[PDB]
Amino acid sequence: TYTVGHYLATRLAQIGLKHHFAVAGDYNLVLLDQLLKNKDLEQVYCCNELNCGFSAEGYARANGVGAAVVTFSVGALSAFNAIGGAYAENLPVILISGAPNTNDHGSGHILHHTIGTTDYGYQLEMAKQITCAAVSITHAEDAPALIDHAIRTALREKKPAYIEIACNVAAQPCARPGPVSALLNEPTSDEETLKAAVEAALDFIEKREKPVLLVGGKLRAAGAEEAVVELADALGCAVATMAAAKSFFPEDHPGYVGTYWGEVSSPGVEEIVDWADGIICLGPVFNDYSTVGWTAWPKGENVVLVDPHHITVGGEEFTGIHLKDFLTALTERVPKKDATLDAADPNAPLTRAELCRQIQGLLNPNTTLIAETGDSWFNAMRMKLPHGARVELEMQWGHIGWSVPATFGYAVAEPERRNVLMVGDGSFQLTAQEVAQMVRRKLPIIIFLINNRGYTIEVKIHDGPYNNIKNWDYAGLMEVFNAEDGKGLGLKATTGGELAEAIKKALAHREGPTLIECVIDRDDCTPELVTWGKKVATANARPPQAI
Ligand SMILES: Cc1ncc(C[n+]2csc(CCOP(=O)(O)OP(=O)(O)O)c2C)c(N)n1
Ligand SMILES: [Mg+2]
């Protein structure tokens, strides 16, 4: 006879999860036992919850959805930082927490892992704030209807959910899951709006000769990566990707120019959009960083904005549509308008140009490049990508240290890929211990620890003593985690040559991860980050305007 544990386990497996991540605790202990009972759904463990949640973050980038489990408040409050990151990056990460007993609710008791107050709702009062759905199971009869809700909403919205489950309830007997289809099927557009939406879009381009395509960050949540390719071709115009959305459009196809990111756009892409007649943004995320100090933000007269569920065209609005259904019906009536555009030395000290070049050697169609918040953002946005090659940024949320646990998670879902991690010295320190799990699971990850002895990106926004961080022997950390049983390489590289030696050892090494402490100079950095931090620093601290 099924139980709340089984029902949640199965519901996760049905929608996709081969792995759910967890951190033991006396509330979720009984619950965790029953999450094992499903054998198509494996219980991965983690060092702390802040990371555990970020690992489910990554996993959802590869699978499409992820999940985690934690103890009451003490575990979940840290995870909320990842659930914020999920909502930010449109990831259907499903958090789950253990919770007090049923007989303690409103019972005047104080419990452990809580504030000391007699109330325990404060947790999912918080969670609600950062999650599309928030659900407390306190009776096993409720269970299956609410779990379905939490999952169903998360997937429709492409935003995270929350499920707290009283420890003693987790065990109790529950119903059997209904067919999975109950959760997945979605409301589609309305034909009448859809019809008109396309018609007004056609006029936007057919009163012009030089259109452009701009690929937004939210494209992956809409599931429209395919339909953009069939539009870029059927239309033929010059495509460009945004700050995010790197590797959301393939860099083979003839229209792809590069990356548009304001006055720090990769060579030759700022000009095409400025010059052109109108811009077709497909689910963008313009903000103080994406617009680069509010300088590079498309208007409305010469802009079509095709956000996930609501489409603005010059002088008109539409709602109740979908980005995908819009780009399917568009890629048929669209006419073909075009806007055509027209080594280093080894042995010597290692330059940011050298390893950004040499790292581009690794880029296999079976490769996913995880670029951490930092200057590493700008390196990835210069690198040419093969077809099928992926890049993962976390720009909306930007928690440093996200990369490490999210690389661990991404790798559990896609272990046969070549998983490559560009992480700075400072970011790495926040979440380093989750490398020990890459060793535990024996995953072939290639960590490029961009060591520069400081928060270099933060230096070029506004410098100070707060940016100088204690330095580690980042290379030697690997050994400490390998300890008795693991197998994982820990290397260094102070020269352009040493890098090639380390990279060969990395591709060579199996049975675990490979870190490379690529030392470089702080002020040696991309020319974008230089001119970029200025726009952010002044916009950040622009003065109020008196009334
Ligand atoms: C948890 C968290 N704390 C602080 C910040 C602000 N912040 C953004 S980047 C950054 C510095 C990153 O340092 P590092 O990885 O070394 O960047 P690099 O020097 O490689 O460019 C800081 C402190 C943040 N985004 N997240
Ligand atoms: Mg650094």
# chains A, B, ... in the order shown; residues from 1 in each chain; ligands from 1
>>> residues_near_ligand(ligand="ligand 2", cutoff="10 Å", atoms="only C-alpha atoms and all ligand atoms", output="list in words")
residues 373, 374, 375, 376, 423, 424, 425, 426, 427, 428, 449, 450, 451, 452, 453, 454, 455, 456, 457, 458, 469, 519, 520, 521, 522 and 525 of chain A
>>> residues_around(residues="stretch 195-198 of chain A", least_positions_apart="3", cutoff="9 Å", atoms="only C-alpha atoms", output="list in words")
residues 190, 191, 192, 201, 202, 203, 311, 312, 313, 316, 317, 318, 321, 326, 327, 329, 330 and 333 of chain A
>>> write_last_selection(atoms="N, CA and C atoms", output="compact mmCIF listing (two decimals), in the first residue's frame")
# COMPACT_ATOMS: atom_id res chain seq x y z
N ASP A 190 -5.09 30.80 -27.34
CA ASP A 190 -6.37 30.97 -27.99
C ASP A 190 -6.15 31.30 -29.46
N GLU A 191 -6.84 30.58 -30.35
CA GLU A 191 -6.57 30.71 -31.78
C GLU A 191 -6.79 32.14 -32.26
N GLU A 192 -7.84 32.81 -31.77
CA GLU A 192 -8.18 34.14 -32.27
C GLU A 192 -7.09 35.14 -31.94
N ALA A 201 2.51 40.80 -36.29
CA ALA A 201 3.95 40.59 -36.38
C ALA A 201 4.41 40.62 -37.84
N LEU A 202 3.68 39.95 -38.73
CA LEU A 202 4.03 39.96 -40.15
C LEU A 202 4.15 41.38 -40.68
N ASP A 203 3.25 42.27 -40.26
CA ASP A 203 3.30 43.65 -40.74
C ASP A 203 4.52 44.38 -40.21
N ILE A 311 2.44 38.90 -25.70
CA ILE A 311 3.19 39.37 -26.86
C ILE A 311 2.80 40.81 -27.13
N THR A 312 3.76 41.72 -27.03
CA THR A 312 3.57 43.10 -27.44
C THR A 312 4.16 43.31 -28.83
N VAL A 313 3.37 43.89 -29.73
CA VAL A 313 3.85 44.41 -31.00
C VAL A 313 3.57 45.91 -31.00
N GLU A 316 0.14 47.39 -29.98
CA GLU A 316 -0.88 46.39 -29.67
C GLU A 316 -0.34 45.43 -28.62
N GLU A 317 -1.25 44.78 -27.91
CA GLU A 317 -0.89 43.78 -26.92
C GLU A 317 -1.72 42.52 -27.12
N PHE A 318 -1.17 41.40 -26.66
CA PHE A 318 -1.84 40.11 -26.73
C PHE A 318 -1.48 39.29 -25.50
N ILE A 321 -1.45 33.71 -25.07
CA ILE A 321 -0.72 33.03 -26.13
C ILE A 321 0.43 32.27 -25.48
N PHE A 326 3.35 30.76 -30.89
CA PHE A 326 3.53 31.95 -31.72
C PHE A 326 4.62 31.74 -32.77
N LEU A 327 5.77 31.18 -32.36
CA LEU A 327 6.85 30.94 -33.30
C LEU A 327 6.60 29.74 -34.21
N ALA A 329 3.34 29.12 -35.63
CA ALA A 329 2.48 29.71 -36.64
C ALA A 329 3.16 30.85 -37.40
N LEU A 330 4.21 31.45 -36.85
CA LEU A 330 4.91 32.52 -37.55
C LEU A 330 5.81 31.96 -38.65
N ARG A 333 4.01 31.89 -42.55
CA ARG A 333 3.62 33.09 -43.27
C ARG A 333 4.76 34.08 -43.41
>>> atom_distance(atom1="atom CA of residue A:145", atom2="atom CA of residue A:96")
15.7 Å
>>> atom_distance(atom1="atom CA of residue A:505", atom2="atom CA of residue A:491")
9.1 Å
>>> residues_around(residues="residue A:310", least_positions_apart="3", cutoff="9 Å", atoms="only C-alpha atoms", output="ChimeraX atom specification")
/A:305-307,317-323
>>> residues_around(residues="stretch 207-223 of chain A", least_positions_apart="4", cutoff="7 Å", atoms="only C-alpha atoms", output="ChimeraX atom specification")
/A:90,158,203,237-242,244-245,273,276-285,308,323-324,337-339
>>> residues_around(residues="residue A:65", least_positions_apart="2", cutoff="7 Å", atoms="only C-alpha atoms", output="PyMOL selection string")
chain A and resi 59-60+63+91-93
>>> write_last_selection(atoms="N, CA and C atoms", output="short mmCIF file (atom, residue, chain, number, x, y, z; two decimals), in the first residue's frame")
data_model
loop_
_atom_site.label_atom_id
_atom_site.label_comp_id
_atom_site.auth_asym_id
_atom_site.auth_seq_id
_atom_site.Cartn_x
_atom_site.Cartn_y
_atom_site.Cartn_z
N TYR A 59 20.72 19.98 -11.91
CA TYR A 59 20.02 18.81 -12.41
C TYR A 59 18.85 19.23 -13.29
N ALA A 60 18.12 20.26 -12.87
CA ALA A 60 16.98 20.71 -13.66
C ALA A 60 17.41 21.38 -14.95
N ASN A 63 18.02 17.77 -16.85
CA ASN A 63 16.81 16.97 -16.95
C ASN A 63 15.64 17.81 -17.48
N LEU A 91 13.51 27.58 -13.32
CA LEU A 91 13.79 26.16 -13.17
C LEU A 91 12.74 25.50 -12.28
N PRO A 92 12.09 24.54 -12.68
CA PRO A 92 11.06 23.90 -11.85
C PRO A 92 11.63 23.02 -10.73
N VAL A 93 12.48 23.61 -9.90
CA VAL A 93 13.08 22.89 -8.78
C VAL A 93 12.03 22.74 -7.69
#
>>> select_by_dssp(residues="stretch 115-145 of chain A", states="strand (DSSP E)", output="VMD selection string")
chain A and resid 133 to 137
>>> closest_residue(among="A:467, A:328, A:153, A:131", to="ligand 1", atoms="only C-alpha atoms and all ligand atoms")
A:467
>>> atom_distance(atom1="atom CA of residue A:166", atom2="atom CA of residue A:32")
12.3 Å
>>> closest_residue(among="A:233, A:485, A:263, A:463", to="residue A:290", atoms="only C-alpha atoms")
A:263
>>> select_by_dssp(residues="stretch 305-542 of chain A", states="helix (DSSP H, G or I)", output="JSON, numbers by chain")
{"A": [323, 324, 325, 326, 327, 328, 329, 330, 331, 332, 333, 352, 353, 354, 355, 356, 357, 358, 359, 360, 361, 362, 376, 377, 378, 379, 380, 403, 404, 405, 406, 407, 408, 409, 410, 411, 412, 413, 425, 426, 427, 428, 429, 430, 432, 433, 434, 435, 436, 437, 438, 439, 440, 441, 456, 457, 458, 459, 465, 466, 467, 474, 475, 476, 477, 478, 479, 480, 481, 482, 496, 497, 498, 499, 500, 501, 502, 503, 504, 505, 506, 507, 508, 527, 528, 529, 530, 531, 532, 533, 534, 535, 536, 537, 538, 539, 540]}
>>> closest_residue(among="A:372, A:414, A:119, A:501", to="ligand 1", atoms="only C-alpha atoms and all ligand atoms")
A:372
>>> closest_residue(among="A:110, A:155, A:82, A:68", to="ligand 1", atoms="only C-alpha atoms and all ligand atoms")
A:82
>>> closest_residue(among="A:341, A:150, A:459, A:29", to="ligand 1", atoms="only C-alpha atoms and all ligand atoms")
A:459
>>> decode(residues="stretch 277-313 of chain A", atoms="N, CA and C atoms", output="mmCIF file, in the first residue's frame")
data_model
loop_
_atom_site.group_PDB
_atom_site.id
_atom_site.type_symbol
_atom_site.label_atom_id
_atom_site.label_comp_id
_atom_site.auth_asym_id
_atom_site.auth_seq_id
_atom_site.Cartn_x
_atom_site.Cartn_y
_atom_site.Cartn_z
ATOM 1 N N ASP A 277 16.241 47.498 -38.961
ATOM 2 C CA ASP A 277 14.825 47.845 -38.889
ATOM 3 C C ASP A 277 14.151 46.839 -37.973
ATOM 4 N N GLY A 278 13.990 47.207 -36.713
ATOM 5 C CA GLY A 278 13.233 46.399 -35.783
ATOM 6 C C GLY A 278 14.010 45.209 -35.245
ATOM 7 N N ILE A 279 13.589 44.761 -34.061
ATOM 8 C CA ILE A 279 14.260 43.698 -33.318
ATOM 9 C C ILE A 279 13.199 42.764 -32.740
ATOM 10 N N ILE A 280 13.442 41.451 -32.824
ATOM 11 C CA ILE A 280 12.444 40.465 -32.402
ATOM 12 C C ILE A 280 12.907 39.700 -31.167
ATOM 13 N N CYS A 281 12.724 40.292 -29.991
ATOM 14 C CA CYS A 281 13.189 39.677 -28.757
ATOM 15 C C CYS A 281 12.276 38.529 -28.357
ATOM 16 N N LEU A 282 12.870 37.360 -28.170
ATOM 17 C CA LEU A 282 12.137 36.140 -27.854
ATOM 18 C C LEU A 282 12.366 35.789 -26.384
ATOM 19 N N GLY A 283 11.543 36.370 -25.515
ATOM 20 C CA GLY A 283 11.569 36.089 -24.096
ATOM 21 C C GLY A 283 12.779 36.629 -23.350
ATOM 22 N N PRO A 284 13.114 37.901 -23.559
ATOM 23 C CA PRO A 284 14.323 38.469 -22.954
ATOM 24 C C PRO A 284 14.145 38.786 -21.472
ATOM 25 N N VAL A 285 15.273 39.116 -20.841
ATOM 26 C CA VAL A 285 15.296 39.522 -19.442
ATOM 27 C C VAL A 285 16.188 40.752 -19.315
ATOM 28 N N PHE A 286 15.635 41.922 -19.623
ATOM 29 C CA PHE A 286 16.388 43.166 -19.537
ATOM 30 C C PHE A 286 16.401 43.662 -18.099
ATOM 31 N N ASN A 287 17.590 43.974 -17.595
ATOM 32 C CA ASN A 287 17.737 44.484 -16.239
ATOM 33 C C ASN A 287 19.090 45.170 -16.134
ATOM 34 N N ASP A 288 19.356 45.734 -14.953
ATOM 35 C CA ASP A 288 20.529 46.580 -14.753
ATOM 36 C C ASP A 288 21.822 45.933 -15.231
ATOM 37 N N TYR A 289 21.888 44.606 -15.264
ATOM 38 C CA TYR A 289 23.065 43.931 -15.797
ATOM 39 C C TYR A 289 22.898 43.628 -17.286
ATOM 40 N N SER A 290 21.748 43.072 -17.683
ATOM 41 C CA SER A 290 21.561 42.695 -19.081
ATOM 42 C C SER A 290 21.607 43.913 -19.989
ATOM 43 N N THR A 291 21.063 45.031 -19.530
ATOM 44 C CA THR A 291 21.075 46.269 -20.293
ATOM 45 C C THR A 291 22.349 47.065 -20.082
ATOM 46 N N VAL A 292 23.244 46.586 -19.226
ATOM 47 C CA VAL A 292 24.570 47.160 -19.043
ATOM 48 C C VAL A 292 24.449 48.612 -18.571
ATOM 49 N N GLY A 293 23.888 48.794 -17.378
ATOM 50 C CA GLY A 293 23.727 50.124 -16.826
ATOM 51 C C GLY A 293 22.554 50.856 -17.415
ATOM 52 N N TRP A 294 21.554 50.118 -17.896
ATOM 53 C CA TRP A 294 20.364 50.668 -18.535
ATOM 54 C C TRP A 294 20.690 51.388 -19.836
ATOM 55 N N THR A 295 21.783 51.011 -20.493
ATOM 56 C CA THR A 295 22.163 51.650 -21.743
ATOM 57 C C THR A 295 21.642 50.902 -22.966
ATOM 58 N N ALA A 296 21.565 49.571 -22.899
ATOM 59 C CA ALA A 296 21.268 48.710 -24.049
ATOM 60 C C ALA A 296 19.948 47.997 -23.791
ATOM 61 N N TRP A 297 18.853 48.735 -23.956
ATOM 62 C CA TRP A 297 17.511 48.242 -23.654
ATOM 63 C C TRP A 297 16.587 48.602 -24.813
ATOM 64 N N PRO A 298 16.233 47.632 -25.663
ATOM 65 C CA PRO A 298 15.326 47.903 -26.788
ATOM 66 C C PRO A 298 13.994 48.522 -26.385
ATOM 67 N N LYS A 299 13.493 49.383 -27.272
ATOM 68 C CA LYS A 299 12.315 50.199 -27.016
ATOM 69 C C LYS A 299 11.052 49.408 -27.341
ATOM 70 N N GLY A 300 10.094 50.033 -28.028
ATOM 71 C CA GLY A 300 8.837 49.390 -28.371
ATOM 72 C C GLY A 300 8.367 49.662 -29.788
ATOM 73 N N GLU A 301 8.629 50.868 -30.297
ATOM 74 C CA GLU A 301 8.227 51.198 -31.662
ATOM 75 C C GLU A 301 8.869 50.242 -32.661
ATOM 76 N N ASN A 302 10.175 50.039 -32.544
ATOM 77 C CA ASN A 302 10.914 49.119 -33.408
ATOM 78 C C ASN A 302 11.257 47.833 -32.669
ATOM 79 N N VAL A 303 10.300 47.254 -31.949
ATOM 80 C CA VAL A 303 10.562 46.033 -31.193
ATOM 81 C C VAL A 303 9.300 45.184 -31.135
ATOM 82 N N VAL A 304 9.461 43.894 -31.406
ATOM 83 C CA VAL A 304 8.482 42.881 -31.048
ATOM 84 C C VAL A 304 9.001 42.179 -29.806
ATOM 85 N N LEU A 305 8.173 42.108 -28.771
ATOM 86 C CA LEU A 305 8.539 41.448 -27.523
ATOM 87 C C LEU A 305 7.658 40.216 -27.376
ATOM 88 N N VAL A 306 8.271 39.037 -27.455
ATOM 89 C CA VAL A 306 7.525 37.786 -27.414
ATOM 90 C C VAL A 306 7.819 37.048 -26.116
ATOM 91 N N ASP A 307 7.374 37.623 -25.002
ATOM 92 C CA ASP A 307 7.567 37.022 -23.698
ATOM 93 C C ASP A 307 6.765 35.731 -23.599
ATOM 94 N N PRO A 308 7.001 34.939 -22.557
ATOM 95 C CA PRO A 308 6.475 33.563 -22.558
ATOM 96 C C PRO A 308 4.984 33.460 -22.825
ATOM 97 N N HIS A 309 4.172 34.319 -22.212
ATOM 98 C CA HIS A 309 2.727 34.192 -22.304
ATOM 99 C C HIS A 309 2.025 35.445 -22.812
ATOM 100 N N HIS A 310 2.756 36.476 -23.225
ATOM 101 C CA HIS A 310 2.107 37.722 -23.611
ATOM 102 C C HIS A 310 3.012 38.488 -24.568
ATOM 103 N N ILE A 311 2.442 38.896 -25.702
ATOM 104 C CA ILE A 311 3.192 39.370 -26.863
ATOM 105 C C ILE A 311 2.797 40.810 -27.134
ATOM 106 N N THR A 312 3.760 41.719 -27.034
ATOM 107 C CA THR A 312 3.566 43.103 -27.445
ATOM 108 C C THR A 312 4.163 43.310 -28.830
ATOM 109 N N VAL A 313 3.371 43.887 -29.731
ATOM 110 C CA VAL A 313 3.852 44.413 -31.002
ATOM 111 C C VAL A 313 3.568 45.907 -30.996
#
